[PDB]
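Structure record follows, encoded as structure tokens.
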Amino acid sequence: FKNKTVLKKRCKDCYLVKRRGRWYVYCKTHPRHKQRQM
Amino acid sequence: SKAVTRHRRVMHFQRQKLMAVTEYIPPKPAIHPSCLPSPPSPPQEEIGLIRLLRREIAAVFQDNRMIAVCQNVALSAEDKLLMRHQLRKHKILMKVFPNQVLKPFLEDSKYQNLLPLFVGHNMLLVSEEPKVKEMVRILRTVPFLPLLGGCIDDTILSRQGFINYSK
Amino acid sequence: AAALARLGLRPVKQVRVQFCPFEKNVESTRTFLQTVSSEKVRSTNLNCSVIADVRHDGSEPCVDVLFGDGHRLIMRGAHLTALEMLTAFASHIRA
Amino acid sequence: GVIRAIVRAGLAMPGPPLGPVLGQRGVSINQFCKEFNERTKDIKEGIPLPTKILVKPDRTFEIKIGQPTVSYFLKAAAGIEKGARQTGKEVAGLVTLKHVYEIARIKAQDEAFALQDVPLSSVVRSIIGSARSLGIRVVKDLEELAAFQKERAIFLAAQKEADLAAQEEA
Amino acid sequence: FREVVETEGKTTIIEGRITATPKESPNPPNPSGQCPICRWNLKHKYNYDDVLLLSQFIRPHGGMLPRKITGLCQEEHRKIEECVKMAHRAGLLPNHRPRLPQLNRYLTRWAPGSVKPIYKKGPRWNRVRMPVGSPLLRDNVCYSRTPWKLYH
Amino acid sequence: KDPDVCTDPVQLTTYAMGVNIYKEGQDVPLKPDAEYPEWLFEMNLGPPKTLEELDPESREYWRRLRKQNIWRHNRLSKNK
Amino acid sequence: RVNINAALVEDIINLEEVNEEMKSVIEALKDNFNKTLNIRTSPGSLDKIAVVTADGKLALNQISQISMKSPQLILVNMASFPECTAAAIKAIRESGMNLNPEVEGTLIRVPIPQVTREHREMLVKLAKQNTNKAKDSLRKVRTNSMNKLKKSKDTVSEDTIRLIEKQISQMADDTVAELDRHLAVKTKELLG
Amino acid sequence: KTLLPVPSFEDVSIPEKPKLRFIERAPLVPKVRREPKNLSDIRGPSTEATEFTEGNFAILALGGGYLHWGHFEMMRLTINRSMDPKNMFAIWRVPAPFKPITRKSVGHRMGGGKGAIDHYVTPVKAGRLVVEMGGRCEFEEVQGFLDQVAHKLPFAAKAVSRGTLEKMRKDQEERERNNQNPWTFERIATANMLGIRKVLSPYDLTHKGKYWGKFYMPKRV
Amino acid sequence: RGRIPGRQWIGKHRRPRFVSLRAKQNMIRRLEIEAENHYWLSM
RNA sequence: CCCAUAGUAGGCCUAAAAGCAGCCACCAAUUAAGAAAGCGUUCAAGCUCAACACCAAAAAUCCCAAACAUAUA
Ligand SMILES: [Mg+2]
Ligand SMILES: [Mg+2]
Ligand SMILES: [Mg+2]
Ligand SMILES: [Zn+2]
Ligand SMILES: [Zn+2]
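Residue numbers (the UniProt record's numbering), protein chains in the order written: chain A, 66 to 103; chain B, 30 to 196; chain C, 2 to 96; chain D, 18 to 159, 162 to 189; chain E, 35 to 41, 43 to 136, 146 to 196; chain F, 57 to 136; chain G, 71 to 262; chain H, 31 to 251; chain I, 9 to 51.
What follows is the structure, encoded as structure tokens:
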């Protein structure tokens, strides 16, 4: 999915975490909010 | 090249040595300023909120007859407003107050047997004359009674005490 | 609370909570009572029933649950906390 | 679920706004209109009032009703103005404390006020707060409203002629 | 501490029982200290190998304890959490292997699997040097004259 | 939809219209002294006075303070 | 490949006028294409049908409207008066579009029957010939511009002259590319 | 809950034109004389818009640079979009573009005389204010669009209030007073302790350590 | 890989030299000597 | 985390401006809930917030010295 240097929570359901060495943002309600950290 | 440039013009080696020598070395104590010192806090001022609240609770207790408390069931807003409707039809004065401010008053109002009672959410209801039968029949018409350890006429009674006093 | 109402707590039938208002380790049971008396949890199930005993005899709060399947759950809510009891309740609902 | 909205005791046959929503809720426009008329036409016609309705999973409904609108009552007590430009500040509309008392008496019938204790001071505060937004001033022991009526007539004449000029310019 | 157990035909019983609560020593060396490191003179004089105190601030599965209960500084809390990650990765705590139904290693800041290998290392002036330890223990007293070299 | 009719100014002064909720229409009595209690007499007609003079202990004082707080909070949130 | 622009000493040639003339040629070609009949109903009818009732000419657009609802049955509204209805009817009937005028109140139904594949042929060839005339106009314009440019090769530097030549050539290339774009687009439209 | 008071005021009076004034690409009288490429107008601190005027919240420039009609249009349009005119008013402290620059024909050899004019630009130095804002507004709600405008700007900039600017100044002052390093470019350069006046400039005697070219290093003390 | 454009020490892009505590202590020593020189030149 | 009653769909021209088309005010009921902060609805509806309670990175012949965390300047 999309890779951004800076991350942003679009909706409250968006939750950001640190997985396999990078920052991720996941939202099950709005999967299009998924956002990788470059 | 020119002096002013879009990119950072690399400086001379001596100049970079000088700039590497000259920095702000922050003056720090040998001890971190948090772990050891422990500065005391100021005497925080008291507020008109708690002033008026104390005055109001005094006017309540030293003027009424029967006191009771029941855990906040937290039912719907409209249903609770209907509740309050019939309770005020039955004349009972029902309010809430923050425990954080009510406990100190209870520690010097000669009510130190109630301090363990109040914790979390609750609903305090008072009368000038006993409405025990009607309040208890409401609170057993509801599917569960939330009442607990209320006090009437300067006498602490339990649920069974309330039933006895109602009969 | 929110998760419990979302999962709907359908199989449960009866929920007793009994305690003494003057015992100390009771605020956990009181919070359990509060979250169970919340609006949505009781609105999801009208056939279900909750009963709060404020019996003063003794010094031991207790919780009890009876399900539609018939399973019988009991909690000694003296040395237990509200969120823990709720997690256990949700797990046994899943059961 | 539940729907709370204004209704007219005079005209309720088509229900352009109510018809669609009622259909999506499943209740019958005819049945709802009949149940409305049964209790509205025997008392009044041509008046707005709020009403609460609720649809059940078995479609059954019961139409509870309170009192009419403070807005309508004040509009009837004072001259028809329908607010105005620069409202709230200016002194459009005249009412007295006897009108205040009587409208408190008639709002005591309200369901929400019947549900609540609604002390008379609280009712007064509520109604004066409404009047301040409607653009209505409450004079104590007023007299000679005729000059004010002429002033407001001239004001409305200016309003309508300015509206005509704006329409012509547009 | 309290131990909870959930146990019967068609019936089940959940019960929590208190347990033996250990205590600290009765002679705090440094009074007027709000954090234990300051109470015992352990602010800049600990590491990963000295796990005796680390065993105090961990759960049997190997989990870190909360600051609100332990009563530590924020900096010291992150210090000890990183240090405990280091200890686990080195494998000095076999008994705390968490829950169920190959290589020696030590001084590992980050996780092994997460890191990607450097298929190319740049020149001297912009080399991709390898991390070691953490800047958190940088303040630790260094008896040697040269400082700790954290990036290889 | 709209009201039926508005009466004369003197008639409205004598009696309040729209008070009767029945079709017949009725005139309401009137009296200044007994119809008005003391709190109604002392009730203020002007806008709510300013926080500069609202008593620190009065409930409406802190009500106004909370209102201003929520107003500024809403402004900050809108601007984001 | 590369695009070149000169905004400097040039004294004897003006490029703004050349660009204006090329754009005017493109505009005339677009006008001729829009005049060319199409399969879709009433592109040009509303905007280029002429009425005769008044001494001063007025387009059918100005008296009528294009606020219609259904494509299957096409109406046209008479905006000003319910008496220029007949005027617009006669104008549409005399127009060389071969439509069907019918009158109702102050609105006019206009059923469109399809024009005579060879109609597409004729329309595409009209478009092609308009393109050819536009290209000829562009050629003559640019040739005259180059003539008045090279009129003063002597005094002015040769490099400036030849780079201005390059610029004019590239501008004409862009122009003809746009012309071909329009021609192909509307040829596909006619065939659609 | 602990409740605090809300700031009250009546000294604010919004002008008739709260919106920002249109900025022309160049003056109505283009100067025929073309000027040199002088950079001292970008190098060094500023002295004209260091302080505030009838405003509360502004944009501050840390590094110097030019500004052209693109930047002007960006600022104007975005501020007019995000601003409520009745509640806030904005003004420019930056004068219009007057400094000309020239750019010869592209793909042209070197020489042949100085190129002709293309457009004009406004210079800006460090420590200078560019846009001021006042009204019934705090700084927090304004941070958003002000600092996004700052990030859009070419040179480094910030949103700032009077309190925050005073904070910055006083903290830099206490840092230069309390630095434990006995050696500071002030002393070393004013004494010429190692002949480093070779590598250094006469400008450095006052642009001592904070500045390098047009840039500005605030942490440098 | 990792080449430097043109010559290694001149131009718009050169090889970035960096300073070490060695050179830092050397130059601060020289600066202290210069301070003592200032002092003895005074009075 | 928590929960969020309503006077009132405040009034103004529209098909409605129910809080969100826009303009005027923005008071007021409950100790508490903005004549409505963000979503959303043609309009409504409906959902949260405030309130009260509890407590930094890419290119081309094959990366590039190798290694190191601790024994006193
Ligand atoms: Mg030079
Ligand atoms: Mg070279
Ligand atoms: Mg909330
Ligand atoms: Zn999301
Ligand atoms: Zn410490």
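Even for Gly, the Cβ is constructed at its ideal location relative to N, Cα and C.
Asked: For the segment 111–140 of chain D, which residues have a beta carbon sitting closer than 9 Å to at least one beta carbon of chain B?; Found: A129, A131, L132, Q133 and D134
Asked: Just the Cα atoms here: how many angstroms apart are C/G69 and B/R169?; Found: 25 Å
Asked: List the whole-angstrom C-beta distance separating E/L194 from E/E117, where the pair is believed to meet the contact cut-off of C-beta under 8 Å.; Found: Between E/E117 and E/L194 the Cβ distance is about 12 Å, and since that is not below 8 Å, they are no contact.
Asked: Helix, strand or coil: how does DSSP classify D/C50 here?; Found: helix
Asked: Mind listing, in chain order, the continuous alpha helix (DSSP H) runs of no fewer than 4 residues lying wholly within the segment 158–227 of chain G?; Found: 188–220
Asked: From what residue to what residue does the alpha helix (DSSP H) around I/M35 run?; Found: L29 to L49
Asked: Of all the CB atoms in chain I, is at least one closer than 8 Å to the CB of H/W122?; Found: no
Asked: Less than 8 Å separating the beta-carbons of C/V16 and C/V66?; Found: yes
Asked: Please list, in chain order, the chain G residues whose beta carbon lies closer than 7 Å to that of H/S135.; Found: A76 and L78
Asked: Looking at the structure shown, is B/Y140 part of a helix, part of a strand, or coil, going by DSSP?; Found: coil
Asked: Taking the continuous alpha helix (DSSP H) assigned at E/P71, which residues delimit it?; Found: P71 to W75
Asked: Is B/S30 close to ligand 1? I mean its beta-carbon at under 7 Å from any heavy atom of the ligand.; Found: yes
Asked: To test your reading of the DSSP string, which unbroken alpha helix (DSSP H) runs of 4 or more residues are found completely within the segment 119–178 of chain B?; Found: 128–135 and 161–170
Asked: Drop a sphere of 10 angstroms on the beta-carbon of E/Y150, count the other beta-carbons inside from all chains shown, and report buried for 16 or more, exposed for fewer.; Found: exposed
Asked: Closer than 7 Å by beta-carbon distance: list the chain I residues that pair up with residue 42 of chain E, in chain order.; Found: There are no atomic positions for residue 42 of chain E here, as chain E continues from 41 directly to 43.
Asked: Among H/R64, H/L176 and H/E170, which one has its Cα closest to the Cα of F/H129?; Found: H/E170
Asked: Who are the near neighbours of G/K256 in its chain, counting only those whose CB is closer than 7 Å to its CB and skipping five residues on each side?; Found: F103 and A197
Asked: Could you name the residues of chain B that residue 145 of chain C contacts, counting a contact when the two beta carbons are closer than 9 Å?; Found: Nothing about residue 145 of chain C can be read from this structure; chain C reaches only from 2 to 96.
Asked: Counting only Cβ-Cβ distances shorter than 9 Å, please list the residues of the segment 107–132 of chain F near chain B, keeping chain order.; Found: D111, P112, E113, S114, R115, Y117 and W118
Asked: Could you check whether the Cβ of E/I48 sits closer than 8 Å to any Cβ belonging to chain C?; Found: yes
Asked: How long is the line joining the alpha carbons of F/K134 and B/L154, rounded to whole angstroms?; Found: 41 Å
Asked: Are the C-beta atoms of I/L39 and some chain H residue less than 8 Å apart?; Found: yes
Asked: What do you reckon, is the C-beta of I/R9 under 7 Å from a heavy atom of ligand 2?; Found: no
Asked: Under the criterion of a Cβ to heavy atom distance below 7 Å, does I/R15 qualify as lining ligand 2?; Found: yes
Asked: Within the present structure, is the beta-carbon of E/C108 separated from the nearest heavy atom of ligand 5 by less than 7 Å?; Found: yes
Asked: Within the same chain, show all residues whose beta-carbon is closer than 7 Å to that of H/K134, passing over the 5 residues directly before and after it, in chain order.; Found: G145
Asked: Using the DSSP secondary-structure output, state which residues sit across from H/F87 in a beta bridge.; Found: H/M163 and H/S191
Asked: For F/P65, which three-state DSSP category applies?; Found: helix
Asked: Give the residues of chain E in contact with C/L74, contact being defined as C-beta atoms less than 7 Å apart.; Found: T47
Asked: Please confirm if D/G36 has its CB atom under 8 Å from at least one CB of chain F.; Found: no
Asked: Below 7 Å on C-beta distance, what does H/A180 contact in chain G?; Found: Within 7 Å Cβ-Cβ: nothing; H/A180 doesn't reach chain G, min ~33 Å.
Asked: Determine which residues share a DSSP beta bridge with H/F245 and list them.; Found: H/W242
Asked: What does H/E170 touch in chain F if you count any residue whose Cβ is under 8 Å from its own?; Found: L132
Asked: Would you say the beta carbon of E/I72 is closer than 7 Å to some non-hydrogen atom of ligand 5?; Found: yes
Asked: To the nearest angstrom, how far is the alpha carbon of D/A176 from that of F/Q67?; Found: 24 Å
Asked: With a threshold of 8 Å on Cβ separation, who are the neighbours of H/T80 within its own chain once the five nearest residues in sequence on each side are excluded?; Found: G157, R158 and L159
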